[PDB]
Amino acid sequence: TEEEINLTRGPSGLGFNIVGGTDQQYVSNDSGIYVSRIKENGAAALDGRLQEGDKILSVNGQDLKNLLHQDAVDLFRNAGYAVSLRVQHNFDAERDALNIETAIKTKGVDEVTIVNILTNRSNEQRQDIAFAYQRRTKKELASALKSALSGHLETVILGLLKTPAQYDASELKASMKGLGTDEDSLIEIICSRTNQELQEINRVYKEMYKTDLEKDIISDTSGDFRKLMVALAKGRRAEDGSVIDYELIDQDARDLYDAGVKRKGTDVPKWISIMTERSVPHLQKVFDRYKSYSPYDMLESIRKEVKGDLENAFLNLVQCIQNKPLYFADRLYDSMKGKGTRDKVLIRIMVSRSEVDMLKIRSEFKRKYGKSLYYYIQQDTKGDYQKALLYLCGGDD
């Protein structure tokens, strides 16, 4: 609510304290000026309209806009004795929840407004919106949208309503439930996640499904492929050390060579040890030093040495080590380049990465393919589903 308040200044000021400004912003999450306290017997106290927490929108009939804290203090002191204040009595989450509700309950469902809200809010902001929606309607927002939406738009929106660890845990469960294991989706998640992401995934997975992620992996996988996936999911890769171990970079490169191209067969345990335990910056230098010894680089060496799920997992792993944004750019390109769309891949990347490194993915994509990721999404998808993806993309080029 907005009310205009007229006060008369006395020798002790207008009678209230202010906080905020462009140089604060950590006290209010924006640049606005807010009333924090009302001094008793001051002008604002006897008037009774000004409240603690009000946002000062206007003073003497000028909209406060991008003011430093001292600039607002100078504005309140030079306003004269008769001052008019246009005030405003997460309120953002409460508003977004109400509009989503009216959108869901609009005849035919306002899918546009739902997308415009949820795809243009951060993940934490979406959690707040979910809290306010359930308090107001006594119904779960995802459940409501699951009935309201359909098709690929439902998949996107429902994915966005999960925390990052919940979404990754649910996609990992989906890739193993039943008899057919989706190795591509399992490999994509396990290979591309950081130690911090995986430690939280292992925690959330246990809470959601009452079973350790490692145990579901052991059930649905076998062979060296099982060993590589169990190793990566532990999320205890060496953290980036302060020193570059050149001796170890060269020896690791020699060990990868001797384990594969140089011999008949492959010492797969040796490959798993090096590529899961060493830090990522160390392994990037290892893969370059490997080119000094081998006529084929690490990816070509993998194609020549192993096959099937093991090959696919190693190829995805080396790409993520070498260049994670380029990895997702290529997977995005693969999901869209030919007939139809691999929507499950396209959606999972856009949901999971839009708030992590979507600018780097778009940069790599545009430089490699000459057209923006935006463009490719535009061509391959349609409708509010397309609009959702384009918002997660963030912009053209």
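One-based numbering along the sequence shown.
Going from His89 to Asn90, you skip over 10 or more residues of the deposited sequence that the entry leaves unmodelled.
For the pair 325-333 and 48-56, the mean B factor over Cα atoms is greater in 48-56.
Averaged over their C-alpha atoms, the temperature factors of 100-108 and 287-295 are higher for 100-108.
Remark: of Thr341, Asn41, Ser354, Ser372, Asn41 shows the highest value [criterion: C-alpha B-factor in the PDB entry]. Of the residues listed, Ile189, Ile117, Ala79, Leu158, the entry assigns the biggest Cα temperature factor to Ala79.
Remark: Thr194 belongs to the lowest third of its chain, ranked by C-alpha B-factor as recorded. In the PDB entry, a CA B factor belonging to the highest third of its chain's modelled residues is recorded for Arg95. Per the deposited record, the Cα B-factor of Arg278 falls in the lowest third when ranked against the other modelled residues of its chain. Ranked by Cα temperature factor within the chain, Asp384 sits in the middle third according to the deposited record.
Compared with the other modelled residues of the chain, the Cα B-factor recorded for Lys270 ranks in the lowest third.
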